[PDB]
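Take a look at this single chain in structure tokens; it is the form deposited in one PDB entry.
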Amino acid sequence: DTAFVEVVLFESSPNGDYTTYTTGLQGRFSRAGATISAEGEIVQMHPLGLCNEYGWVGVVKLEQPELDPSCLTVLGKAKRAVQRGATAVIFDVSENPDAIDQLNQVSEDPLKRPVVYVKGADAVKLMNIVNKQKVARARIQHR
């Protein structure tokens, strides 16, 4: 059930030195996807792109439905990311609890990549890194 996510942020200096920062956070593998390990560069998926290269980890921050005018269901968003070559997708479900119920419905034919959700302090930590818009990678593991 539990998904352990390691996030690494890369920052380069003009002189060519680089720094990294790694932190850990926890989520859950949803039944909509696989419970396997995955790792890749983080790409945030915003609404316009969802409604319009490979191995990236997609991050989707769900908003309240009234503020998240969408073309897709939460499942449909996961499917689209996997279609477009994501190795995994992580939903921040902080502002939309119901998405958890939708992702956990027993699928006859679940996605073959992990579909993880985070919330609370773990989601805050993730989004604080994602919003910096630098190079960052996520590793997802089940223990």
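When you see a residue number, it is the position in the sequence shown, counting from 1. Between two forms, the rigid core is the largest collection of C-alphas that superpose within 1.5 Å.
Just so it is clear, the following notes concern the form deposited in another entry, a form of the same protein that is not shown.
Q: Inspect the rigid-core superposition and answer whether the C-alpha of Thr20 shifts by 2 angstroms or more between this form and the one not shown.
A: Where the cores coincide, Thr20 still shows a C-alpha shift between this form and the one not shown that is 2 Å or more.
Q: Once everything's superposed on the core, is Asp68 shifted 2 Å or more at the Cα between this form and the one not shown?
A: After core superposition, the displacement of the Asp68 C-alpha between this form and the one not shown reaches the 2 Å mark, so yes.
Q: Note whether the distance between the C-alpha atoms of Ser37 and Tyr18 decreases (closer) or increases (farther) in that other deposited form, against the displayed form; the change is 3 Å or more.
A: Residues converge in that other deposited form, at least 3 Å closer.
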